[PDB]
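A.B. asks: Input file: target_21.txt. Contents: compact mmCIF, C-alpha atoms and all ligand atoms.
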```
# COMPACT_ATOMS: atom_id res chain seq x y z
CA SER A 1 86.28 106.62 98.03
CA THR A 2 88.61 103.72 97.28
CA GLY A 3 91.96 103.13 95.64
CA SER A 4 93.62 100.12 94.07
CA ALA A 5 97.26 99.86 92.91
CA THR A 6 99.42 97.02 91.65
CA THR A 7 102.62 96.26 93.59
CA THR A 8 105.55 94.62 91.79
CA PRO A 9 108.66 92.79 93.08
CA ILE A 10 111.87 94.73 92.49
CA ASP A 11 113.88 91.61 91.57
CA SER A 12 113.67 87.85 91.07
CA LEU A 13 113.91 87.18 94.84
CA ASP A 14 110.97 89.38 95.96
CA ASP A 15 113.45 91.43 98.00
CA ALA A 16 110.88 94.27 98.13
CA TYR A 17 107.81 95.51 96.27
CA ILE A 18 107.24 98.85 94.52
CA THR A 19 103.93 100.61 93.91
CA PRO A 20 103.47 103.66 91.64
CA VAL A 21 102.42 106.86 93.43
CA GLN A 22 101.41 110.18 91.85
CA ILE A 23 102.82 113.27 93.60
CA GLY A 24 102.17 116.89 92.70
CA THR A 25 100.57 118.83 89.86
CA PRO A 26 101.17 117.85 87.09
CA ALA A 27 101.69 114.38 88.47
CA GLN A 28 105.19 113.07 89.10
CA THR A 29 105.03 109.27 89.33
CA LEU A 30 107.50 107.64 91.74
CA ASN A 31 107.72 103.95 92.64
CA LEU A 32 107.53 103.70 96.43
CA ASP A 33 108.04 100.86 98.90
CA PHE A 34 104.78 100.61 100.92
CA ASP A 35 105.94 99.92 104.47
CA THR A 36 103.48 98.89 107.21
CA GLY A 37 106.48 98.98 109.62
CA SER A 38 107.11 102.75 109.42
CA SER A 39 105.15 105.97 109.17
CA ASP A 40 107.05 108.42 106.93
CA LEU A 41 106.33 109.07 103.26
CA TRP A 42 109.75 110.12 101.95
CA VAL A 43 111.15 110.42 98.42
CA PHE A 44 114.33 110.90 96.48
CA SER A 45 114.16 114.49 95.29
CA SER A 46 115.87 117.41 93.57
CA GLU A 47 117.28 118.15 97.05
CA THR A 48 119.00 114.78 97.49
CA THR A 49 122.82 114.95 97.57
CA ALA A 50 123.75 114.22 93.97
CA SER A 51 126.37 111.57 94.78
CA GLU A 52 123.65 109.66 96.67
CA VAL A 53 121.28 109.37 93.68
CA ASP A 54 122.00 106.48 91.28
CA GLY A 55 119.10 105.83 88.91
CA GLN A 56 116.10 106.73 91.08
CA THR A 57 113.29 108.93 89.85
CA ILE A 58 113.21 112.18 91.83
CA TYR A 59 110.40 114.42 93.03
CA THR A 60 111.03 118.07 92.12
CA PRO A 61 108.76 120.27 94.26
CA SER A 62 109.54 123.41 92.24
CA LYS A 63 107.78 121.80 89.26
CA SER A 64 104.56 121.14 91.24
CA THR A 65 102.04 123.96 91.41
CA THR A 66 100.43 122.39 94.52
CA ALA A 67 103.68 121.88 96.49
CA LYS A 68 104.23 124.05 99.57
CA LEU A 69 107.22 124.03 101.88
CA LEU A 70 106.22 122.96 105.40
CA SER A 71 108.30 125.70 106.95
CA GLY A 72 110.72 124.63 109.66
CA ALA A 73 109.88 120.93 109.48
CA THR A 74 112.64 118.33 109.25
CA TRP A 75 112.73 114.55 109.42
CA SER A 76 115.27 111.81 110.12
CA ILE A 77 114.66 108.07 110.24
CA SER A 78 116.75 104.97 110.93
CA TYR A 79 115.45 101.51 110.13
CA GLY A 80 116.15 98.18 111.80
CA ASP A 81 118.76 97.16 109.21
CA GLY A 82 120.88 100.26 109.86
CA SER A 83 119.70 102.19 106.80
CA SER A 84 118.62 105.83 107.17
CA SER A 85 117.52 109.02 105.42
CA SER A 86 116.68 112.62 106.36
CA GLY A 87 115.64 115.95 104.93
CA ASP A 88 112.92 118.61 104.87
CA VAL A 89 109.17 118.55 104.14
CA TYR A 90 106.61 119.74 101.59
CA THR A 91 102.89 119.26 101.49
CA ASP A 92 101.43 118.22 98.15
CA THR A 93 98.67 116.20 96.50
CA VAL A 94 99.38 112.43 96.57
CA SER A 95 97.33 109.77 94.76
CA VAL A 96 97.53 105.96 94.99
CA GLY A 97 95.51 103.85 92.59
CA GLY A 98 92.92 106.59 92.05
CA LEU A 99 92.64 107.65 95.72
CA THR A 100 93.74 111.25 96.31
CA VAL A 101 94.92 113.03 99.47
CA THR A 102 95.48 116.78 99.42
CA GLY A 103 97.96 118.30 101.85
CA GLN A 104 99.94 115.10 102.39
CA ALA A 105 103.36 115.53 104.02
CA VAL A 106 105.96 114.53 101.40
CA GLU A 107 109.34 114.21 103.11
CA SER A 108 112.09 115.25 100.70
CA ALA A 109 115.40 113.48 101.24
CA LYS A 110 118.54 115.56 101.48
CA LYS A 111 120.57 112.50 102.57
CA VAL A 112 120.09 108.74 102.17
CA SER A 113 122.33 105.88 103.27
CA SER A 114 124.21 103.63 100.87
CA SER A 115 121.61 100.83 100.77
CA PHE A 116 119.03 103.28 99.38
CA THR A 117 121.43 104.76 96.81
CA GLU A 118 122.32 101.27 95.64
CA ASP A 119 118.69 100.24 95.07
CA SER A 120 117.87 102.08 91.83
CA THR A 121 114.32 100.60 91.73
CA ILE A 122 113.03 102.22 94.96
CA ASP A 123 112.25 105.94 94.74
CA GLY A 124 111.20 106.24 98.39
CA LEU A 125 109.00 104.77 101.11
CA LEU A 126 105.30 105.20 101.91
CA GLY A 127 104.72 104.42 105.57
CA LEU A 128 101.51 102.66 106.69
CA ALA A 129 102.16 102.06 110.41
CA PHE A 130 100.53 104.35 112.98
CA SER A 131 101.19 108.08 112.74
CA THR A 132 102.66 108.13 116.29
CA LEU A 133 105.91 106.83 114.70
CA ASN A 134 106.19 109.66 112.16
CA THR A 135 109.57 111.42 112.52
CA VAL A 136 108.68 114.96 111.34
CA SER A 137 109.71 117.63 113.86
CA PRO A 138 108.51 119.87 115.44
CA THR A 139 104.99 119.01 114.15
CA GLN A 140 104.43 115.29 113.65
CA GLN A 141 102.65 114.40 110.40
CA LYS A 142 99.99 111.86 109.41
CA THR A 143 100.40 108.90 107.09
CA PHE A 144 98.67 108.70 103.73
CA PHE A 145 96.22 106.17 105.20
CA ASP A 146 95.46 108.30 108.25
CA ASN A 147 94.75 111.31 106.00
CA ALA A 148 92.53 109.28 103.63
CA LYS A 149 90.72 107.23 106.30
CA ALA A 150 87.66 109.43 106.84
CA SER A 151 86.97 109.59 103.08
CA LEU A 152 87.27 105.84 102.51
CA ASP A 153 84.21 103.65 102.10
CA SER A 154 85.60 101.49 104.93
CA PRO A 155 88.62 102.47 107.11
CA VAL A 156 90.85 99.63 105.87
CA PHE A 157 93.63 98.77 103.47
CA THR A 158 94.68 95.32 102.27
CA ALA A 159 98.02 93.84 101.20
CA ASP A 160 97.99 91.03 98.64
CA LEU A 161 101.67 90.43 97.84
CA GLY A 162 102.66 88.00 95.09
CA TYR A 163 105.27 85.23 95.07
CA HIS A 164 107.49 86.00 92.07
CA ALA A 165 104.57 87.99 90.67
CA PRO A 166 102.70 91.29 91.04
CA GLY A 167 100.03 91.78 93.67
CA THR A 168 97.73 94.53 94.93
CA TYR A 169 97.26 97.17 97.60
CA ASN A 170 93.62 98.23 98.04
CA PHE A 171 92.33 101.14 100.11
CA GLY A 172 88.81 101.44 101.46
CA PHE A 173 87.36 98.04 100.50
CA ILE A 174 87.90 94.29 100.83
CA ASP A 175 88.00 92.40 97.49
CA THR A 176 86.11 89.23 98.33
CA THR A 177 87.40 87.63 95.08
CA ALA A 178 91.04 87.88 96.19
CA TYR A 179 91.07 85.16 98.87
CA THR A 180 89.73 81.71 99.70
CA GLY A 181 87.74 80.72 102.76
CA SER A 182 87.11 83.31 105.45
CA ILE A 183 89.21 86.09 106.93
CA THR A 184 90.27 85.50 110.54
CA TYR A 185 90.65 88.72 112.51
CA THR A 186 93.02 89.12 115.45
CA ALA A 187 93.67 91.85 118.02
CA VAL A 188 96.26 94.60 117.48
CA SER A 189 98.29 96.57 120.00
CA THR A 190 99.24 100.07 118.84
CA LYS A 191 101.39 100.74 121.93
CA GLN A 192 104.65 100.58 119.93
CA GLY A 193 103.14 102.24 116.83
CA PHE A 194 103.13 99.00 114.79
CA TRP A 195 100.49 96.57 113.53
CA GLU A 196 101.47 94.30 116.43
CA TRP A 197 99.57 91.05 117.03
CA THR A 198 100.05 87.60 118.63
CA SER A 199 100.28 84.47 116.51
CA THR A 200 98.92 81.32 118.14
CA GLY A 201 101.78 79.00 117.11
CA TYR A 202 103.55 77.25 114.28
CA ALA A 203 104.29 74.01 112.46
CA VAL A 204 107.26 72.89 110.37
CA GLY A 205 106.38 70.99 107.21
CA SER A 206 103.91 68.20 107.93
CA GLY A 207 104.80 68.25 111.63
CA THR A 208 102.39 68.78 114.49
CA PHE A 209 101.26 72.30 115.34
CA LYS A 210 102.89 73.83 118.44
CA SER A 211 100.48 76.10 120.33
CA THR A 212 102.54 79.03 121.62
CA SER A 213 102.01 82.80 121.64
CA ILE A 214 104.35 84.72 119.30
CA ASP A 215 104.05 88.51 119.50
CA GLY A 216 105.18 90.27 116.34
CA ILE A 217 104.46 92.92 113.71
CA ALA A 218 102.95 92.70 110.24
CA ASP A 219 105.63 94.52 108.22
CA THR A 220 105.43 94.78 104.43
CA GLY A 221 108.69 96.77 104.43
CA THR A 222 110.82 93.88 105.73
CA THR A 223 111.74 91.05 103.36
CA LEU A 224 112.10 88.08 105.70
CA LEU A 225 110.28 86.29 108.54
CA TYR A 226 112.11 86.96 111.84
CA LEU A 227 111.05 84.70 114.73
CA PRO A 228 112.43 83.53 118.10
CA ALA A 229 115.61 81.48 117.93
CA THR A 230 113.82 78.38 119.30
CA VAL A 231 111.29 78.43 116.42
CA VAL A 232 113.91 79.13 113.76
CA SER A 233 116.18 76.33 115.02
CA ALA A 234 113.22 73.91 114.88
CA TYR A 235 112.62 74.92 111.24
CA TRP A 236 116.21 74.64 109.96
CA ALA A 237 116.78 71.36 111.82
CA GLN A 238 114.51 69.80 109.18
CA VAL A 239 116.87 70.80 106.32
CA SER A 240 119.97 68.61 105.93
CA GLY A 241 123.12 70.72 106.06
CA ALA A 242 121.44 73.95 107.16
CA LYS A 243 123.40 75.99 109.68
CA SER A 244 123.69 79.46 111.16
CA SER A 245 126.70 81.28 109.72
CA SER A 246 128.09 84.24 111.66
CA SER A 247 130.11 85.29 108.60
CA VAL A 248 127.05 85.38 106.36
CA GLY A 249 124.74 86.75 109.06
CA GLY A 250 122.07 84.08 109.41
CA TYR A 251 120.91 80.63 108.45
CA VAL A 252 122.13 79.25 105.13
CA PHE A 253 121.28 75.91 103.52
CA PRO A 254 122.48 73.77 100.60
CA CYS A 255 121.01 75.10 97.39
CA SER A 256 120.27 71.46 96.42
CA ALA A 257 117.70 71.18 99.24
CA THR A 258 113.92 71.08 98.99
CA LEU A 259 112.63 73.28 101.80
CA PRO A 260 109.67 72.35 104.04
CA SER A 261 106.70 74.63 104.45
CA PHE A 262 106.15 76.76 107.58
CA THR A 263 102.69 77.27 109.09
CA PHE A 264 101.74 80.11 111.46
CA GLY A 265 98.55 80.42 113.50
CA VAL A 266 96.04 83.26 113.39
CA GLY A 267 93.56 82.42 116.12
CA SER A 268 92.24 78.98 115.22
CA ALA A 269 93.19 79.47 111.55
CA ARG A 270 96.46 78.53 109.83
CA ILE A 271 98.51 80.23 107.10
CA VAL A 272 100.90 77.96 105.19
CA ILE A 273 104.10 79.42 103.72
CA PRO A 274 105.30 77.05 100.94
CA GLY A 275 108.92 75.98 101.22
CA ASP A 276 109.86 77.72 97.96
CA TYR A 277 108.94 81.08 99.52
CA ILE A 278 111.78 80.55 102.04
CA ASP A 279 114.58 80.24 99.42
CA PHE A 280 116.50 83.52 98.92
CA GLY A 281 119.08 81.99 96.61
CA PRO A 282 122.86 81.86 96.52
CA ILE A 283 124.64 83.97 99.12
CA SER A 284 126.91 85.19 96.30
CA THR A 285 126.75 84.60 92.57
CA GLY A 286 127.55 80.97 91.77
CA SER A 287 127.61 79.78 95.38
CA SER A 288 125.97 76.52 96.37
CA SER A 289 125.07 78.00 99.78
CA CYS A 290 121.62 79.57 99.78
CA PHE A 291 120.19 82.19 102.14
CA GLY A 292 117.20 81.32 104.31
CA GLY A 293 113.97 83.30 104.42
CA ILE A 294 113.27 82.51 108.09
CA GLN A 295 115.81 84.07 110.45
CA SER A 296 116.23 84.69 114.16
CA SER A 297 114.79 87.86 115.67
CA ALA A 298 117.09 87.56 118.70
CA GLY A 299 119.11 90.69 117.86
CA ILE A 300 116.11 92.88 116.93
CA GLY A 301 113.91 93.05 120.02
CA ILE A 302 110.70 92.20 118.15
CA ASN A 303 109.45 89.43 115.91
CA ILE A 304 108.69 90.48 112.32
CA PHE A 305 106.12 88.92 110.01
CA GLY A 306 107.71 90.31 106.86
CA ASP A 307 107.02 89.66 103.20
CA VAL A 308 107.90 85.92 103.39
CA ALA A 309 104.93 85.45 105.71
CA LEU A 310 102.56 88.13 104.41
CA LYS A 311 102.76 87.08 100.77
CA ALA A 312 101.23 83.70 101.73
CA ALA A 313 98.04 85.50 102.82
CA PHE A 314 95.51 88.15 101.96
CA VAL A 315 96.03 90.64 104.81
CA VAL A 316 93.52 93.23 106.08
CA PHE A 317 94.85 96.25 107.99
CA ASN A 318 91.67 97.40 109.74
CA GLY A 319 91.97 100.99 110.97
CA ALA A 320 88.65 101.23 112.76
CA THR A 321 88.60 102.91 116.17
CA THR A 322 89.92 99.63 117.64
CA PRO A 323 92.33 98.42 114.94
CA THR A 324 92.60 94.73 114.05
CA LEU A 325 94.42 92.55 111.51
CA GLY A 326 92.76 89.97 109.27
CA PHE A 327 94.40 87.01 107.52
CA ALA A 328 92.96 84.74 104.83
CA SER A 329 94.49 82.08 102.64
CA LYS A 330 94.51 82.71 98.89
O1 LIG A 401 113.37 95.99 112.08
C1 LIG A 401 114.09 95.41 111.07
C2 LIG A 401 114.98 94.38 111.36
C3 LIG A 401 115.69 93.80 110.32
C4 LIG A 401 115.51 94.25 109.01
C5 LIG A 401 114.62 95.28 108.74
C6 LIG A 401 114.38 95.81 107.36
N1 LIG A 401 113.22 96.70 107.29
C7 LIG A 401 113.25 97.91 106.61
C8 LIG A 401 114.44 98.45 106.04
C9 LIG A 401 114.36 99.66 105.38
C10 LIG A 401 113.13 100.34 105.28
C11 LIG A 401 112.01 99.73 105.86
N2 LIG A 401 112.05 98.56 106.52
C12 LIG A 401 113.90 95.87 109.78
```
Rewrite the structure of this file - the entire thing - as structure tokens.
C.D. replies:
Amino acid sequence: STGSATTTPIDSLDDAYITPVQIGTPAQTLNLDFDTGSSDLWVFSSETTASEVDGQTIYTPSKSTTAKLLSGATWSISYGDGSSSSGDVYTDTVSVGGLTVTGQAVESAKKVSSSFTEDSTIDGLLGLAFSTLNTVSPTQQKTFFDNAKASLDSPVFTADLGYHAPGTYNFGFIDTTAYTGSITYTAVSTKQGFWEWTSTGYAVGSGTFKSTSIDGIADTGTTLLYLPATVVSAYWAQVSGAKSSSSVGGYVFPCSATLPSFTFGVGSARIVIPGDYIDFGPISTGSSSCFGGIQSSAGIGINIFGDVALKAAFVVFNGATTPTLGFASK
């Protein structure tokens, strides 16, 4: 089997991407944030505290003839930005782009933090990291990809995120029309539960490439590119008037600037992030200070190749017995 679904930016900044997902019988379609940096499929639901729902579409298990309470199971997750959610668990039929999993754990939110409530466009998350990170207790649950893997034509999914435009998530096949050149594959460590790999270095604009190992994760659920402070300082030093602002919480730059590109290495290959991809616009409406798309990872404990980096490539998440990542230009 295979599946193919379009993923769409939630706003004009590409702050996140939403993909329609069918849950239950008859289908209830919710728009979920596919997140290769976590491993829980959770949704706004009829059980979510009413004051914490503001415009989201909810899953109602009592209206699904295939829903079954997973008795005794609870879940609770906190993400790296301080957001969180928790609740109980059903199993139900879940389909993505024509690919169907029966008995998928659907984690029903009883509580969500303010950042989720305030984002009316995101109806939940669909985790695509390794199932060892799943938070369901006392019986850990498998991701949608882990459950589908054996049925897929090939044990892979691909992320093809757009810049200010829709893109695609495919399951079970590699669309050879969706990229240019060849795909360069690189080793993955699953020891922390992430799609963790080592970039071979970077360049700023037309500058020379610096060969240096940068360990980080491929994370579709994080907006920005978070890298070591040395690398990020070298980038922003090329933008007149750019500075790190403690009050804003990162690097800002004059909105009148033209940003340089940023290149990262994948083995001997190179992925170029155009400068425009690094502009996240005014810090507040009408401000002439703009927020940068490359930020320091120093406070996080891991480097994160988020959407800013991944949307410059066609990315293969290879879930063979020894997992690997593939990157191609497009
Ligand atoms: O580790 C991180 C460090 C900084 C920012 C983020 C954001 N990532 C999220 C937020 C909510 C849901 C999924 N991913 C993660």
A.B. asks: Show me, as a PyMOL selection string, the residues that have an atom within 7 Å of residue 223 in chain A when counting only C-alpha atoms, minus same-chain residues fewer than 4 positions from it.
C.D. replies: chain A and resi 15-16+306-308
A.B. asks: Pick the closest to ligand LIG 401 (chain A) from A:207, A:319, A:181, A:82: which is it, counting all atoms listed in the file?
C.D. replies: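 Of all the options, A:82 lies closest to ligand LIG 401 (chain A).
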A.B. asks: May I have the protein, DNA and RNA residues with any atom at most 12 Å from the point (91.0, 93.4, 99.5), counting all atoms listed in the file, written as an mmCIF file with C-alpha atoms, in the coordinates of the input?
C.D. replies:
```
data_model
loop_
_atom_site.group_PDB
_atom_site.id
_atom_site.type_symbol
_atom_site.label_atom_id
_atom_site.label_comp_id
_atom_site.auth_asym_id
_atom_site.auth_seq_id
_atom_site.Cartn_x
_atom_site.Cartn_y
_atom_site.Cartn_z
ATOM 1 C CA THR A 2 88.610 103.720 97.280
ATOM 2 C CA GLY A 3 91.960 103.130 95.640
ATOM 3 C CA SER A 4 93.620 100.120 94.070
ATOM 4 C CA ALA A 5 97.260 99.860 92.910
ATOM 5 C CA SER A 154 85.600 101.490 104.930
ATOM 6 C CA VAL A 156 90.850 99.630 105.870
ATOM 7 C CA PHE A 157 93.630 98.770 103.470
ATOM 8 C CA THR A 158 94.680 95.320 102.270
ATOM 9 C CA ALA A 159 98.020 93.840 101.200
ATOM 10 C CA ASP A 160 97.990 91.030 98.640
ATOM 11 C CA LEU A 161 101.670 90.430 97.840
ATOM 12 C CA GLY A 167 100.030 91.780 93.670
ATOM 13 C CA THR A 168 97.730 94.530 94.930
ATOM 14 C CA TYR A 169 97.260 97.170 97.600
ATOM 15 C CA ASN A 170 93.620 98.230 98.040
ATOM 16 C CA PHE A 171 92.330 101.140 100.110
ATOM 17 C CA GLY A 172 88.810 101.440 101.460
ATOM 18 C CA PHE A 173 87.360 98.040 100.500
ATOM 19 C CA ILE A 174 87.900 94.290 100.830
ATOM 20 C CA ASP A 175 88.000 92.400 97.490
ATOM 21 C CA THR A 176 86.110 89.230 98.330
ATOM 22 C CA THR A 177 87.400 87.630 95.080
ATOM 23 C CA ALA A 178 91.040 87.880 96.190
ATOM 24 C CA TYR A 179 91.070 85.160 98.870
ATOM 25 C CA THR A 180 89.730 81.710 99.700
ATOM 26 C CA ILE A 183 89.210 86.090 106.930
ATOM 27 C CA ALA A 313 98.040 85.500 102.820
ATOM 28 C CA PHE A 314 95.510 88.150 101.960
ATOM 29 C CA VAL A 315 96.030 90.640 104.810
ATOM 30 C CA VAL A 316 93.520 93.230 106.080
ATOM 31 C CA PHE A 317 94.850 96.250 107.990
ATOM 32 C CA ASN A 318 91.670 97.400 109.740
ATOM 33 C CA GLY A 326 92.760 89.970 109.270
ATOM 34 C CA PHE A 327 94.400 87.010 107.520
ATOM 35 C CA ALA A 328 92.960 84.740 104.830
ATOM 36 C CA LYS A 330 94.510 82.710 98.890
#
```
A.B. asks: In the coordinate frame of the file, compute which residues have an atom within 8 Å of (116.4, 123.7, 105.2) when using only C-alpha atoms, and state them as a PyMOL selection string.
C.D. replies: chain A and resi 72+74+87-88
A.B. asks: Identify, on the basis of all atoms listed in the file, every residue whose closest approach to range 50-58 of chain A does not exceed 10 Å; exclude the query and any residue fewer than 2 positions from it along the same chain; express the result as a list in words.
C.D. replies: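 Skipping anything fewer than 2 positions along the chain leaves residues 28, 29, 30, 31, 43, 44, 45, 46, 47, 48, 60, 61, 108, 109, 110, 111, 112, 113, 114, 115, 116, 117, 118, 119, 120, 121, 122, 123 and 124 of chain A.
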A.B. asks: Throw together the list of residues within 7 Å of ligand LIG 401 (chain A), counting only C-alpha atoms and all ligand atoms, and drop it here as a PyMOL selection string.
C.D. replies: chain A and resi 35+37-38+79-81+83+221-223+300
A.B. asks: When you draw a straight line from CA of residue 266 in chain A to CA of residue 323 in chain A, how long is it in Å?
C.D. replies: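 Computing it gives 15.7 Å between the two atoms.
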A.B. asks: Need the shell around residue 299 in chain A: protein/DNA/RNA residues with any atom at most 12 Å away, counting only C-alpha atoms. Skip same-chain ones fewer than 3 positions apart. Format as a PyMOL selection string?
C.D. replies: chain A and resi 80-81+226-229+249-250+295-296+302-304
A.B. asks: Calculated over all atoms listed in the file, which of the candidates A:18, A:278, A:272, A:188 has the smallest distance to residue 217 in chain A?
C.D. replies: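 With all atoms listed in the file as the atom set, the closest residue is A:188.
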A.B. asks: For a quick check of understanding, using all atoms listed in the file, which of A:264, A:202, A:17, A:253 has the smallest distance to residue 234 in chain A?
C.D. replies: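 Between A:264, A:202, A:17, A:253, the residue approaching residue 234 in chain A most closely is A:202.
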A.B. asks: Tell me, as a list in words, which residues lie within 8 Å of residue 289 in chain A, counting all atoms listed in the file; anything in the same chain fewer than 6 positions away does not count.
C.D. replies: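 The residues satisfying every condition are residues 252, 253, 254, 255, 281, 282 and 283 of chain A.
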